[PDB]
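Down below is the structure, laid out as structure tokens.
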Amino acid sequence: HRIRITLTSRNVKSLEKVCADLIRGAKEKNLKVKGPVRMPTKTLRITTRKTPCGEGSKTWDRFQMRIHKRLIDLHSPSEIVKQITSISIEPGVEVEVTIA
Amino acid sequence: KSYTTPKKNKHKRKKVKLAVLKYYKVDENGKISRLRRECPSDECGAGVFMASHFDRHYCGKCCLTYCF
Amino acid sequence: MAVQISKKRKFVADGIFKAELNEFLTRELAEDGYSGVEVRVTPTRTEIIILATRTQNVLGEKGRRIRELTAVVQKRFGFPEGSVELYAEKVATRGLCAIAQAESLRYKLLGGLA
Amino acid sequence: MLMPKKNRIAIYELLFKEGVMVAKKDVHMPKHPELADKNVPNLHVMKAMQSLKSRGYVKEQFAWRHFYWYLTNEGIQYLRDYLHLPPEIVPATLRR
Amino acid sequence: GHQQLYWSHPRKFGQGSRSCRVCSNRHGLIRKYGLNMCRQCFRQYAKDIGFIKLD
RNA sequence: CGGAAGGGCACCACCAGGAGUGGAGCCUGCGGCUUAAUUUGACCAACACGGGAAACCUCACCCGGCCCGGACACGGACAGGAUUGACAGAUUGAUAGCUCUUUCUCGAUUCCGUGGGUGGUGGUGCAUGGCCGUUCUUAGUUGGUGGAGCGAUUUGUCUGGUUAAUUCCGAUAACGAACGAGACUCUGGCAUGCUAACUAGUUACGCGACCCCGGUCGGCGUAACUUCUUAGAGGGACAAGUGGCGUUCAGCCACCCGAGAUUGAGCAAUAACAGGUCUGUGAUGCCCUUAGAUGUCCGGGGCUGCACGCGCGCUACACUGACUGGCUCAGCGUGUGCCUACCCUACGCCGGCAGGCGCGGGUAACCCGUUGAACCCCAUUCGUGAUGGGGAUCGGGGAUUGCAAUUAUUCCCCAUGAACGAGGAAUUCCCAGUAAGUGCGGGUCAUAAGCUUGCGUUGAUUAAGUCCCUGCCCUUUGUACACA
Ligand SMILES: [Mg+2]
Ligand SMILES: [Mg+2]
Ligand SMILES: [Mg+2]
Ligand SMILES: [Mg+2]
Ligand SMILES: [Mg+2]
Ligand SMILES: [Mg+2]
Ligand SMILES: [Mg+2]
Ligand SMILES: [Mg+2]
Ligand SMILES: [Mg+2]
Ligand SMILES: [Mg+2]
Ligand SMILES: [Mg+2]
Ligand SMILES: [Mg+2]
Ligand SMILES: [Mg+2]
Ligand SMILES: [Mg+2]
Ligand SMILES: [Mg+2]
Ligand SMILES: [Mg+2]
Ligand SMILES: [Mg+2]
Ligand SMILES: [Zn+2]
Ligand SMILES: [Zn+2]
């Protein structure tokens, strides 16, 4: 009954769209919510020599992947949150909802 | 290029004419025994034949060497 | 997942999935105006959308080649049967896709136009 | 290829049932991945369908590390009259 | 025998055990996060993976 | 292009300087020599570069031995058998039936010739694509129509002022535009106001341990809260305000207010080099090789070889120091993998140590981890002696990883104690949380940082300038230069 939702994406604006939509969905189906907690953004950083060969000035790309993850807690039954998570998700955001 | 030390030749398989004939023996009527010993192999009951080599028995499929 | 893959290599694993999917569809459907893909996932099935120009030919006779390369995608990526589905859609405003125009230029050069 | 004809007709059965077939560019697979039942190496599988494509009954693609083979209509002719199969049966790509 | 000889050498570690995910190439791999592809083809496909040059 | 002039600009330039490098040992790379081979690309913009820390693999080089992975077609020979595999025993390195001899199975898949493909880290980067580097980190570049000239061309794109800027004000045979600069994105710095938090906490409150009402606790639980932590939306700074300087335009200096009154990167035009890459590719033209293979594999060796030369670096030459105790502070990150077999580790025991053996946590704001990191701070001992500086070389032993360490992989223990007394000619990087000192993570990785990429931490001397040397941009001028 303390069912938790985690939202994880490479994108920030789509993720926060989905989280605010789920907050308003929980509000319209009339149940309390501990808010979207924001755990720190994981960076995946890659530095590679830009050159295919060996020569050149020794230059380096700095590639990054930002991953945002947020949490929503709901004291509610199961099919309510199952039908709210069956709708209104962007393709970039991964949703993982666990019961315990 | 050139290489003066001679090469290895390919092992040509020895062409033999109707070597299946030498496994059984023939009488004019129904008296047939087997020249080559049979196998207690698990894959083959009594189908394939062993060999009687230069002195001593061997089967090639199951690869079982029966010795003195 | 029981092997329980981590999120850091999960996002680069499905990124590299979308990369080889795009490059596979590029090497196959370059003759027929393959513009791109969009991969969007639900529970128990996953909608993957090829977005191209000549939808009649990416379907084929009766829809043979779409079923053909759904079988190809499932067999190659180890997807369960009927757990992913390929839909093919038309490019809106075909002229602006630099992929499709580079391929049209490539087939003009291969057909022999100056 | 000195191919077990058992395994070659098995690969033809895979190609016919799952109407097209993929494989890894890896001659040193210990065993082929698509089937868990039989015992056929991916080397045998690769050179078998290269023998298929050289006379033109299957068409090839190669992405990153995986061969892709698509069975043409002349190939479905050759495959059914080779497998001695009557024309009521069709591949799963043709089933709708 | 040749069945016990042909690929008899262990591929459990080193350069030749791993290989490039796109090239069958053994040099300049990046194993971090399990990309397992060479750096040239990585920086080819990097924007399609998601590694965007923020700075 | 000028060792011609006028303007400007840059610590890849200089001045004031700082740390040095060049001198020593060692590591690594390159040249040479040597060798069966000690493969090879590159000689500001090569040389700790090819992410190139190669025991096997990589491996391409060398010595040997296997295999076809020579499709497909044509034509042979063939089930009266085309032809795979084969333990003995010899030979061999190998139990490679590789070859010899004796022979058993396999059953149309295959062999034998001719075309033809295929593979190639084989050649050509001076046939190429892609990508990077460089010209070139400066402010440069181009059409349309109009003007000038026969024309190549020019004007626009400029006398002047101004700026980091072809940035603007402004002049005006040019007008209206495009790219570059800027704008932009990420980062940094500031919000006690917003959003909220058992994967972060604070404050209280109640139990618990201890000290002579109060104090300590990173001891246990809950009632408020989000300042600290996380990250979202907004804000916030604009030369805006003031005083001068300037056509009182563009704008410059200073000062109050202020978290900031120039934080750092990314992106980056036209045109070009015969700069690098065919050794990143299933991107590739052509050539060459194609069963005695330049294909692939296995065994071993080499990529490390030392009269020598050069380059990037680490350790040092000590008392501002070494050694031995003690005390007390980080931020990046990463972590059980498709194939893929190898993860990060608390904790309990054993061992001086490297390490060994068990039960546990963690696919991660949860567990390692409150990351108890070093220089640093404090207290000893040493005493200007190649010395308790320095730790090269080298002998003997003990572990770990591997399938295997010998040409010592890596680490541990004892012993050995060299040069090196602040480095000639020359030369590099740099101006604020910067230089330098210091240690920690990623890549490489089975083992693994003298490298590199990031990160904090202690943290300054000097400078707010110039065209002197090295160069860059604009204008004028000269040219017998145009592969300049
Ligand atoms: Mg300056
Ligand atoms: Mg100086
Ligand atoms: Mg020197
Ligand atoms: Mg020196
Ligand atoms: Mg080797
Ligand atoms: Mg080898
Ligand atoms: Mg090649
Ligand atoms: Mg060139
Ligand atoms: Mg060249
Ligand atoms: Mg020749
Ligand atoms: Mg080397
Ligand atoms: Mg010492
Ligand atoms: Mg090594
Ligand atoms: Mg001494
Ligand atoms: Mg200099
Ligand atoms: Mg290196
Ligand atoms: Mg003159
Ligand atoms: Zn038997
Ligand atoms: Zn690659």
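Tabulated data for the structure shown
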item: Dipole of the protein assembly as shown, positive end: most advanced residue of E:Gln44, C:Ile48, D:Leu83 [Cβ charges, Cα centre]; result: E:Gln44
item: Phi-based couplings in Hz for region A:20-36 (Karplus 6.51, -1.76, 1.60; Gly and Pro marked x); result: 5, 5, 6, 5, 6, x, 5, 5, 6, 9, 6, 8, 6, 8, 7, x, x
item: Over 32 Å between alpha carbons, listed pairs A:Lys27/E:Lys47; A:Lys34/C:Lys18; D:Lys38/E:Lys12; C:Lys18/D:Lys47; result: A:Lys27/E:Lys47; A:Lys34/C:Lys18
item: Fraction of antiparallel bridges per DSSP, region C:6-114 only, in percent to nearest 5; result: 50 percent
item: Relative contact order of chain C, pairs being alpha-carbon contacts under 8 Å that are 6 or more residues apart, as %; result: 25 percent
item: Highest-fluctuation residue, A:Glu28, A:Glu55, A:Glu79 considered, GNM on chain A with Cα pairs under 10 Å; result: A:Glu55
item: For A:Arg70, C:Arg64, E:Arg31, order by how many other beta-carbon atoms lie within 10 Å, fewest first; result: E:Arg31, C:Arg64, A:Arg70
item: D:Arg65 paired with A:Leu31, simple spin-label distance in nm, labels 7 Å along Cα-to-beta-carbon; result: 4.5 nm
item: Gyration tensor over alpha-carbon atoms, chain C, equivalent ellipsoid semi-axes in Å; result: 29, 17, 12
item: Kirkwood Rh and Cα Rg combined as Rg/Rh, chain D; result: 0.94
item: 3J(HN,Hα) from dihedral phi, region C:82-98, Karplus parametrisation 6.51/-1.76/1.60, rounded to Hz, x for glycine, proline; result: x, 9, 10, 9, 8, 10, 10, 10, 8, 5, 6, 6, 3, x, 8, 7, 5
item: Ellipticity estimate at 222 nm from DSSP helix runs (n ≥ 4, -39,500 (n - 2.57)) divided over chain C, nearest 500; result: -15500 deg cm²/dmol
item: Rule-of-thumb Rg ratio for the protein assembly as shown [Cα; 2.2 N^0.38 Å; N residues]; result: 1.37
item: Ranked B:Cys63, E:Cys20, criterion: other C-beta atoms within 10 Å, fewest first; result: B:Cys63, E:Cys20
item: Computed E for C:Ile49/E:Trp7 - FRET, C-beta separation, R0 51 angstrom, nearest 0.05; result: 0.75
item: Of A:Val37, A:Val81, A:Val18, the one that fluctuates the most in a GNM where chain A has Cα springs shorter than 10 Å; result: A:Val37
item: Chain E: translational diffusion in µm²/s, Stokes-Einstein, Kirkwood Rh over Cα pairs, 20 °C, 1.002 mPa s; result: 165 µm²/s
item: Given charges at Cβ of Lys, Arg, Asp, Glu: chain B dipole, positive-most of B:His53, B:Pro40, B:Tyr66; result: B:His53
item: Globularity index of chain A, i.e. its alpha-carbon radius of gyration over 2.2 N^0.38 Å; result: 1.50
item: Hz values of 3J(HN,Hα) by residue in region C:24-41 - Karplus curve (6.51, -1.76, 1.60), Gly and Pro given as x; result: 5, 5, 5, 6, 7, 9, 5, 6, 10, x, 5, 8, x, 10, 9, 10, 9, 10
item: Square roots of five times the Cα gyration tensor eigenvalues for chain B, Å; result: 35, 18, 11
item: Burial ordering of C:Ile16, D:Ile76, fewest other beta-carbon atoms within 10 Å first; result: D:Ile76, C:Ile16
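Heads up, the Cβs are rebuilt from the backbone with ideal geometry, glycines too, and the neighbour counts pull from every protein chain shown. Bear in mind these aren't lab numbers, they're just calculated from the coordinates by the rules spelled out.
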